[PDB]
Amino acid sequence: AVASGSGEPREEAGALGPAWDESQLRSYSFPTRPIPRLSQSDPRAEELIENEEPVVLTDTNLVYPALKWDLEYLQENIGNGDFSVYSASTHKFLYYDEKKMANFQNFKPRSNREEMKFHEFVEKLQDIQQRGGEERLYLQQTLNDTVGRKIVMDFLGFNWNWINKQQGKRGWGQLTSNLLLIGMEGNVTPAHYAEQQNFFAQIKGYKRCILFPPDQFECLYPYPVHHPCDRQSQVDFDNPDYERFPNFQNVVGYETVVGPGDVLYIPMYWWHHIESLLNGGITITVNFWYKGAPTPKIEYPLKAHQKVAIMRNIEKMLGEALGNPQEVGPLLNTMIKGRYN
C-alpha cells in the first residue's frame, strides 16, 4: 500500500527534465516506503534525527563547495597521495576486513583493494571505458592532510556550523572521518550497518539508498562477527536464498534517491544498501562519521540496537574465551539445541 518507494523522480530546476527515472533502479523482492525529504529548518527533520530515524536534508549546504567537484577538478587539486581503489567483476562491492581474513582461510575475496595515485584511477577508469570492459572500480579513500590546497579550501567551506551543532544537540562523540567515495554507475554497496552515526553528503550523480531499521536484524542475517564480512548481510539481494534466510521474505525497507546537495542521515545500526543509478554516470559522495552518544546510566524495554550490541559482545567474548573464533558457532548450537529452540 504505502510502499511508494523513492516516489516520483524530482524535476530539476530550469525545466531540465527528470533527474532520473525508475528504469535506472534495480529490482528487488521487498517493498519499501519513502524516506522523508525535508528542510534542515523543518522541525520534523530535527525530530527524526533526535529519534534516530533516517531523513534526507535538502538545504544544508553541508558540502556546497564540493558541488563543483568532478574528475578533472579533483585530478588537479586532490594531491599525489595514495587512494584506496576496489575492483569487481560484478556490480556488487562486498567489503572485507583484512585483519579478520586470518580467522577464515576458506574465504575467497571478491573485491581487491589497490592503492594508487588519483590520476591512475582516472586513467584506469577512462581505460576501462575505452575497451567497453565489464570490470568495475570504486574509489573509497579517507580524506587526509595530504590533499591539495584547493581541496583544503573547499573542505573549509563545508557548513561546519550546521554539522558541529548537530553533533552538539545529539550528544554525539567525535567526527572519526570523512570518506570520499567516487564510483561507477551501477555500482552497489550491499546492505550493511555501522556502529557510528552517518551524514551521507551527495555531490555528483544520483544514488539510491535502501535502509532497514535495527529491528530487522532477524531478516538480514549478518555474517559472524569474526568473519571478514562482519556487519554485512549474507543475503544476496539479487538472488536471495529463502531456504537459508527465510525471514528475508519479511524484510521491509525505507528508500530514497539522493542527488547533488542532499544529505542523508543514516542512523547508527541502520542497515543501508547503496547503489549508483544505472547509466547515471559516475557518482561522488563524501560522508561524515561520528561516534554515537555515550551509553546511559539502562531502561527497559531495551531498544533494538541495544540487543544488537549485546549479540555482538556475546560473539566477541566467546571468541576470546574459547581461544578460537571458529568454536563460537558449535558452542552456540550446543547451548540452544533442544534447550532454547
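Counting begins at 1, following the sequence as shown.
Per the record, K297 and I298 are separated by a gap of 1 to 3 residues from the deposited sequence that were not modelled. Relative to one another, 99-107 and 147-155 have unequal mean CA B-factors, and 99-107 is the one with the higher figure.
The PDB entry reports B-factors from which the mean C-alpha value can be compared for 331-339 and 1-9; the larger average falls on 1-9. Per the PDB entry, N80 shows the highest C-alpha temperature factor of the residues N80, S177, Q232, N247. The PDB entry assigns the greatest CA B-factor among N279, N313, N51, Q306 to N279.
In the deposited entry, the Cα temperature factor of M317 places it in the lowest third of its chain's modelled residues.
The PDB entry assigns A293 a C-alpha temperature factor belonging to the middle third of its chain's modelled residues. For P222, the recorded CA temperature factor ranks within the lowest third of the chain's modelled residues. In this PDB entry, the Cα temperature factor of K68 sits in the top third of its chain's modelled residues, the highest group. Per-chain ranking of the deposited C-alpha B factor places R170 in the highest third.
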